[PDB]
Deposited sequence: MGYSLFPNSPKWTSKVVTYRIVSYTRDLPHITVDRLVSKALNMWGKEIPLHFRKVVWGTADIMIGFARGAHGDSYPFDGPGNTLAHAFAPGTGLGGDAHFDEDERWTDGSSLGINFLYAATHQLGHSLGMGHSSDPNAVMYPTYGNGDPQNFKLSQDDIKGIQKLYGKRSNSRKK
């Protein structure tokens, strides 16, 4: 079933900040904001962890769209291959979630990678979830239109943070 990261890195503070730093041409800004909040609350509502949205500076969870190299030693690679990636909880790049601007992203109303599912998967990583062996799990390693966290996803996050 679920994986965490080696040594179970987790947020140590009651409150974790997150910033949507950069946006996609594919969607309105507010749509990315509301889908990220939704992706975070899907994990959030299961655990004793609270997210505060910040609109400037460095937050614990830096979220954005990037083309190619974007300062974290894991450059994006243009259309296809890598779609997105994220870092386990930690200082600096820890917690950060990046989306490759050279794919196509949708809110579900158009063609594209479903951004809500993608953001739920990457922010799983941001909170300390590894890849699940369970195909139903959002944290399954391969890529959505109508979904929720699986019982494996809930089990894993609650094992790392506790319930409620």
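Coordinate coverage of the deposited sequence is interrupted at 1, 145 to 148, 170 to 175, where no C-alpha atom was modelled.
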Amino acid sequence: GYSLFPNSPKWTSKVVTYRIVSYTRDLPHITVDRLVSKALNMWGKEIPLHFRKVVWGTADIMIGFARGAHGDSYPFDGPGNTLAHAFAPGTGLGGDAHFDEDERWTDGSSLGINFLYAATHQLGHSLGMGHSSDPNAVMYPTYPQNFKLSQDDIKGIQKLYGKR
From here on, numbers count along this sequence of modelled residues.
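Among other compared entries that model residues flanking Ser13, every one gives it coordinates, keeping it clear of the one-third cutoff. In all of the other compared structures of this protein with flanking residues present, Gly156 is modelled, so it falls below the one-third mark for missing coordinates. Between 60 to 68 and 46 to 54, the higher mean Cα B-factor belongs to 46 to 54.
Just going by the entry, 34 to 42 versus 100 to 108 on mean CA temperature factor gives the higher value to 34 to 42. In the deposited entry, the Cα temperature factor of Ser126 sits in the bottom third of values across the chain's modelled residues.
Sort the modelled residues of the chain by CA B factor and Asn136 lands in the highest third.
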